[PDB]
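Report on the structure
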Amino acid sequence: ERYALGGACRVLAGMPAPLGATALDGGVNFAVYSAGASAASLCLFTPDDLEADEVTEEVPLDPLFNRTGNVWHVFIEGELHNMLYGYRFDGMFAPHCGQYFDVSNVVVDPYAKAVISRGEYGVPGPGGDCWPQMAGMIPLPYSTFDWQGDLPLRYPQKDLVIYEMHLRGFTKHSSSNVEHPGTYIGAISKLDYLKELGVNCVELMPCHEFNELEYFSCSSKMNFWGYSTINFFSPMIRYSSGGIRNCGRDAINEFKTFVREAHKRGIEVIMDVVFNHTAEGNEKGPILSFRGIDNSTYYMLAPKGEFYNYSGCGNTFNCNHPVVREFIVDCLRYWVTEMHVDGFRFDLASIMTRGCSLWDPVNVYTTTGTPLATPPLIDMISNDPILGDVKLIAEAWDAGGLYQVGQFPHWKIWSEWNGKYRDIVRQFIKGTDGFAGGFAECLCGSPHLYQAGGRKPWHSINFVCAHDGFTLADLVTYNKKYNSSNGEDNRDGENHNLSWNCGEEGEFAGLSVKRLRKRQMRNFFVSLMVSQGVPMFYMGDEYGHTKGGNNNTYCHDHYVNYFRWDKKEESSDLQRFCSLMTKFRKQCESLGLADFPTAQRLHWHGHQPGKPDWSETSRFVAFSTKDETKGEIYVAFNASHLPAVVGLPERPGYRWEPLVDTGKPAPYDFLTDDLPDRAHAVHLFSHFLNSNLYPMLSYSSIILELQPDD
Amino acid sequence: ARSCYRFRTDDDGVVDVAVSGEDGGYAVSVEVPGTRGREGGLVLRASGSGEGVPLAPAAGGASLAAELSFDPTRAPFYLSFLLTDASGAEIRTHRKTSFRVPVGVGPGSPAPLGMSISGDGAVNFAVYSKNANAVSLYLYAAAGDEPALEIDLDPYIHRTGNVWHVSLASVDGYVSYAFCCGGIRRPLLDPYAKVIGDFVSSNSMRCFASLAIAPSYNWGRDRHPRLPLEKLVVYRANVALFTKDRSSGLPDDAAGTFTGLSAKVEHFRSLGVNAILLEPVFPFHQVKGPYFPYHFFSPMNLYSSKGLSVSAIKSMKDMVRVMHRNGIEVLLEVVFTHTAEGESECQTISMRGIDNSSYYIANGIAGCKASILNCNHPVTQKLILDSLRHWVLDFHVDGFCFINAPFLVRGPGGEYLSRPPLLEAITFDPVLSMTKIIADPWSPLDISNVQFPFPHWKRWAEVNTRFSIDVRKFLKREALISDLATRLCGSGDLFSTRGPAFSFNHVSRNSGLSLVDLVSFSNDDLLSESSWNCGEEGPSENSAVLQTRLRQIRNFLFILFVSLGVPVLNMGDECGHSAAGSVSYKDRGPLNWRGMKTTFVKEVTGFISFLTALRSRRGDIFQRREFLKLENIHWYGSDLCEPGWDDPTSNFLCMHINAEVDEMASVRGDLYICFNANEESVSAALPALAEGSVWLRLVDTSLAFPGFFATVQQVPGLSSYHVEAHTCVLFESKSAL
């Protein structure tokens, strides 16, 4: 007979599964894995006592009755949902053997669904404390969220247009005019704008719980992007308007509200996940969750016991260890089935293919970190009964030298961020010898990387710019990075950006340079929107967001990283062009294809029809494809510095009609029936269109449609 | 309880549906908000209905609502409808389909797999099937043969990924359920069912999952014995054959069940057995036998007194509790490499009909007629690990012996995997980290396993098949004494990094010849058995053949129990069980309890008890965690000379073992062991002893019962002893201090 909270609650043996805290039978069951611990204790906090750094109650765990195998467990009977919990472990302290057991640390359960540290973004704890004590939320016996009948959209992947968004930066600027700027609820007000832009899927930058003050003591910078995860089961509480109210329930419900509101408007949600390392760093870092439970299990360790650095962040998660495998699969399944997330994007995904140290001949009877052809974790994810039918995207490289673009172990299921597409398009559009054939291959979905292995064109995620590196506007303004505001003496950041400043460096230039820059942004968007594969572009690229030449802006909570709703209205022409081009892609049945295009549908042209130029000096690619809706379309890219008049394919009984021309001044860069001057503007080019000709500026693009003429 | 469904439309809109169980009819309400593209009202036509239900404004033109009602007694059905504006245009879903909504069943949840009951009493069903394009649920009433209720699952609402799920308000009036995959109307068994029905060969092979849940079992103060691996003595038994005969004394319909096994615990206690290894108890078909299982979560119903699944569960738990109360561990033989299903529709009962590609290896293996499981596929991995965790947590099982263990390293194509994932997952499962795992290379399939190093991680024990071959050859004057020396010391050539405790030694199992048949039958067809009939084939009346056979049986038992490792005894080898020279495990018969009063059974049981007690008393030699030091073992020949290691004519070996001195705390003597496999007597010399110390003889298998074992003559050091033909002797040095 044993009691815990002033004799009011009974303490029982409990069950070893499921891991974490679960509410049943008028109580909570606690279960946690620890192979190396010799003693364990459950610690409970009231919200007031957590602020004062005091444990309200301690329940020792008996090694006889409270331990099955390597799982410690206990049951408490009562009402505990207004309390927080943590663990205390005892054991060997030997950093040169990989053991970090210490009885004065209270660690957080890795399976906790909410972590309570601080309530407000950027504000430290009492005394300027940037790392106060953390504790986990204890669940309720029932659910408190109404999904209102939400059902999965299950869009085919070829129909997707992906919009990468930062949750806080989306509405943090004052010009958003939302009630709660920078929160999950604040972003709901702006989903109609995304719907009218033409996107149907949003990729969120890391929304797992992280410390934005993690290196605020040294230097003074924030951690804005959030690629340093503390708990994988929890949302970022300081992205919520409630804070720590109701012990994280309000934050969880706000995230669910955002997801439900996005699904109600026909928008899918893809989550960024960072499973390749942890905020605990190397041996000099803080002890929060994993190092205080099983360091040698959760991290990849060398013989002496120092941490491998394949992520370039301090440690490396031991992804292919069986316990870590179960943990990661459980986390992904939890997000899918409880938060209705439609898919995931994995950061530094090559780390998830490196081998575990358990297969060395010393342990059983090829060392740690050797890449594998069939990694068990990828096998478990691809063939999971639930996870096998969702969207899986891998960034197929890491910081340890691995580069697996086109050769990631896919099981014919996995998609990839195509960086070869990025490089080829960046080099071709700015004008460079020897990239016409690569450009034509990029336009077709890169069959040379995906067809042989049995994957489809839509497994390629095409992008020109991302959150890391230059924005679309800075791609045409700067020849080199300006990262001196980062405090690292311009050392950090990509050094080979493959950009061209269109003639002059900086935002102050002549009229012709600015005209050329606008042309080049339109050319980039046209190239993105007529390619086979899934197009993706970054938040604010649709109005020409600029970061001042800084191509690595991870440490600035500042308007350089905020969506400028005031500056968006000054650039309505580019936004209109992007919306119309996305609509055009949606309307054509020959643009997003389920299979690689054949030669009977797609024909390549040059300056003259039917004679493409694949020579090294060529800077001109043109094609025409048959469409079941529009009849036939014709696309041409002139990446040369010389204007040219091009001949159009001869189709007796028909004529070509102009639709897109990136050289023309707005709103005539895109022709719509809302324009009252459409017929007259078309008529003024009839003397060229009649004889199958079209004049092009340098660095321009055109799209034409075939229509009956009799 | 009401259910809600939100459908996206093909014109960028939302249709909201609610189904309420009105306090016995059903009401369906449809609400269409928003207005951009359609203005002049809508009519709800039931998927081409000539009639129509106009939608009326609800709160000022913001929403349009309609209501439909349905009379009771209607079995679960689907309502399908379309929307039309005042132009003729039709509004469909975003998948270009009519709006379809279930009436009478809920959507359900994808976890946990199988059948579960919520607090309110709702019954949830979930089953994985990637390849099936249509899944149906059948409910049966107490008899059934035809379904009382049939429910098709909507491919949109009743699926999450590749898991089909559905919820039911109540299953009152029903006792069983099954699944139908594809268009085939053959009812399949739930792979995750915990209670199953009767195996009925219809005119076919069908079994139904039960809708009842096992009642809570009160374990009491039950504790796992947690016996050390180096102190185990294992008895392998078949549940059916152990007590089936009339001579067992059990009441009828309780003989050959778990209760019959539990009723004979004093037999094991008197033998010195502290661990019992059961032959497979998973449900199976009588056509193929116990080594071809159908189901992985239930005991076989024929092993219970009442013949039902719940009775089997309670009986198995009772037997386990009785064993643990007596300090005896329970180990289970488990088959996870193949099933009892076939490559056609007539013999499909479960996984073959649900998802063939995931659960089974394509085309099987050449020269085989069994369904080989795809063990290293992640879904099968999950099923096997779930089964093991279920048995450990719910039945309090202490360990597992994996039949056909080498097959577990084969990949989907049949290739050999250098890093097999299922074995690694079993070894590092945190729940199972305290249970014993043993790998058995024997296979019931027609093909035979090839040999390779099994990955153990210093955790897996193995069944030592070389031990039996080498002991059999030595007693047949056909092996070098170096083989006997290797096997007596714990088989260091195979368990060097693990220790002698991981070697599970045996001289006879439930396949091949028994102990009695090993000294009675040797034809040219029994060459793979290394047997010697001692002069005459079959039963004999010659007085010398009988003496040689008795000596050989004593020698076999003695060599089994004085070696380093875990001794494993097969049921019936303590009482002269014989199978008339057959090597088929199916030819073994029920144990005969009548003969446990005669001379022979008494000698055998007393010798076994003496050997077990001696192993316990001298655990510093026989219950070690590490091999004996090379400085404490001396090998001798005929008269304290060098042994003939490479001469295949000296079938004689002596072993002198020096006791260690432990400074933690007592003087323990030495051991002298002699083995003579020759047909002629051999003179042996005893090693020189200390001052005032003598040799005390403990065993001489050529003597007469009682007396050939005694706990007796004293012999001074440097003396001479005459070792008879086919004789083994044991000495212990006692200080006359």
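Here the residues of each chain are numbered from 1 in the order the sequence is written, which can differ from the numbering of the entry; residues without coordinates are not included. Chain A is the first chain written and ligand 1 is the first ligand written, with later ones labelled in order. What is displayed is a subset of a larger assembly, so the values quoted cover only the displayed chains. Excluding hydrogens and water, the side-chain values take into account all heavy atoms of the structure.

Per the deposited record, determination of this structure is attributed to cryo-EM, with the resolution reported as 2.40 Å.

Some thoughts on the overall build of chain B
Counting its regular elements, chain B contains 13 helices and 36 strands. For 737 residues, the compact-globule estimate of 2.2 N^0.38 gives 27 Å, and chain B exceeds it by more than 25% at 34 Å. Summarising its shape, the C-alpha atoms of chain B cover approximately 120 × 50 × 50 Å along the three principal directions. Per-residue accessibility, obtained with a 1.4 Å probe over protein chains only, is compared with the maximum for each type, and a residue is labelled buried under 20%, exposed over 50%, and partly exposed between these values. Residues classed as buried in chain B amount to 58% of the 737 residues present. We get accessible surface area from the Shrake-Rupley algorithm with a probe of 1.4 Å; when it comes to residues, only the shown protein chains can shield them. Counting every atom, chain B has about 30,700 Å² of accessible surface; 52% of that belongs to carbon and sulfur. In this tally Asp and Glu are treated as negative and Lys and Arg as positive; neither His nor the chain ends contributes. The atoms used to mark charge sites are NZ of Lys, CZ of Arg, CG of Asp and CD of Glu. In chain B, 66 side chains carry a positive charge and 77 a negative one; their mean positions are 3 Å apart. Each helix is a run of DSSP H or I of at least 4 residues and each strand a run of E of at least 2, with the numbering of both proceeding from the N terminus. Both definitions apply: the radius of gyration is a C-alpha atom measure, and the globule rule equals 2.2 Å times residues to the power 0.38.

Concerning helix α10 (residues 436–443) of chain A
Residue and element names in this part refer to chain A. Among all positions of α10, only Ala436, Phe439, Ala440, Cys442 and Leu443 are buried. Projected down its long axis, α10 shows its buried positions confined to an angular sector of 155°, all on one face. Those residues of α10 that are buried are in contact with α9 (419–430), α12 (511–529), β23 (602–605), β24 (620–627) and β25 (631–638). Among the residues trailing α10, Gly445 stands out with phi positive, at a value near 95°. Summarising the geometry, the arc corresponds to the directions from the helix axis toward the C-beta atoms. Only heavy atoms enter the contact rule, under which two residues are in contact if any of them lie within 4.5 Å.

Considering the sheet that holds strand β21 (residues 460–463) of chain A
Sheet strands line up and pair through hydrogen bonds in the backbone, either parallel or antiparallel. All names here are of chain A. Reading around the barrel, the eight strands line up as β13-β14-β17-β18-β19-β20-β21-β22 and close back on themselves, with parallel pairing between neighbours. Strand-to-strand twist in this sheet, taken as the mean axis angle between neighbours without regard to direction, amounts to 25°. We treat two strands as partners when DSSP finds at least two bridges between them. Summarising the sheet, strand β17 (residues 268–273) and strand β18 (residues 343–346) pair through four bridges and their orientation is parallel. What sits directly across from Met271, in β18, is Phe344. Angles run from 0 to 180 degrees between N-to-C directions of axes, and those axes are lines fitted to C-alpha atoms, restricted for helices to the stretch in contact. Along the sheet face, helix α5 (residues 249–264) touches β14 (201–204) and β17 and points at about 140° away from the line of β17.

Considerations on the packing of aromatic side chains
We describe a pair of aromatic rings using the distance from one ring centre to the other and the angle between the two ring planes. The pairing test for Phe, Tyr and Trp rings, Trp by its six-membered ring, is centres within 6.5 Å, and the orientation test on the planes gives stacked under 30 degrees, edge-to-face over 60, and tilted for anything in between. If you walk through the whole model with that rule in mind, you get 92 aromatic pairs over all chains. On the numbers, 5.7 Å between centres and 75° between planes, the contact of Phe170 of chain A with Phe563 of chain A is edge-to-face. Taken individually, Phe170 of chain A and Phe563 of chain A each receive the classification buried, so the pair is uniform in this respect. Measuring from centroid to centroid gives 5.3 Å for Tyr235 of chain B and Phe268 of chain B, while their planes differ by 70°, and the two rings are edge-to-face. Remark: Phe268 of chain B occurs in helix α3 (residues 265–271) and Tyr235 of chain B occurs in strand β19 (residues 234–237); sequence separation between them is 33 residues. We note that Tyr235 of chain B, like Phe268 of chain B, is buried. Our definition puts a charge over a ring when NZ of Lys or CZ of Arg is within 6 Å of the ring centre and also within 35 degrees of the ring normal. The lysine or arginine in question, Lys264 of chain B, covers the ring of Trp593 of chain B, its NZ or CZ lying 3.8 Å from the ring centre. Geometry around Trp532 of chain B places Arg477 of chain B over its ring, the cationic atom sitting 4.4 Å from the centre.

Brief notes about the sheet that holds strand β3 (residues 26–33) of chain B
Residue and element names in this part refer to chain B. Pairing is antiparallel in the open sheet, where five strands are placed in the order β1-β2-β3-β7-β6. If you trace the sheet from one side to the other, it starts and ends with β1 (2–8) and β6 (56–57), each paired once. As judged from the seven bridges shared by β1 and strand β2 (residues 14–20), these two strands associate in the antiparallel manner. From the neighbouring strand, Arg2 faces β2, where its bridge partner is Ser20.

Here we look at the packing of α5 of chain A against helix α7 (residues 322–339) of chain A
All names here are of chain A. At a closest axis distance of 11 Å, the pairing of α5 and α7 adopts a crossing angle of 65°. Considering their axes alone, α5 and α7 lie roughly perpendicular with respect to each other. Packed against α5, whose contacting residues are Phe255, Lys256 and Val259, the element α7 presents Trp335, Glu338 and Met339 at the interface. Across the contact of α5 with α7, the residue classes break down as four nonpolar, no polar and two charged. An angle below 35 degrees is read as roughly parallel, one above 145 as roughly antiparallel, one from 65 to 115 as roughly perpendicular, and any other as oblique. Each residue receives one of three labels: charged for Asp, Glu, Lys and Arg, nonpolar for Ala, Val, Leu, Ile, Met, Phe, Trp, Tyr, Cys and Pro, and polar for the others, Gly being one of them.

Some details on helix α12 (residues 599–617) of chain B
Residue and element names in this part refer to chain B. Helix length check: α12 (19 residues) gives 27 Å between terminal C-alpha atoms against 27 Å at 1.5 Å per residue, within 8%. Every buried residue of α12 is accounted for by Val601, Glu603, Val604, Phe607, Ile608, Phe610, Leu611, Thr612, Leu614 and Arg615. Considering only its buried residues, α12 is in contact with α3, α11 (543–561), β28 (566–570), α13 (619–622), β33 (693–700) and β36 (727–735). Residue count minus one, scaled by 1.5 Å, sets the expected span of a helix.

Thoughts on the UniProt feature "active site" in chain A
All names here are of chain A. UniProt positions are given in the numbering used here, feature names are shortened, and annotations may be inferred rather than shown by experiment. Sequence positions flagged by UniProt for "active site" are, in local numbering, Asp347 and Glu395. Tracing the backbone through its elements, the reader meets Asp347 in the loop between β18 and α8 (376–382). The class of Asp347 is buried, set by a relative accessible area of 12%. With near-sequence residues (within four places) excluded, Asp347 lies in contact with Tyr227, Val273, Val274, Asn276 and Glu395.

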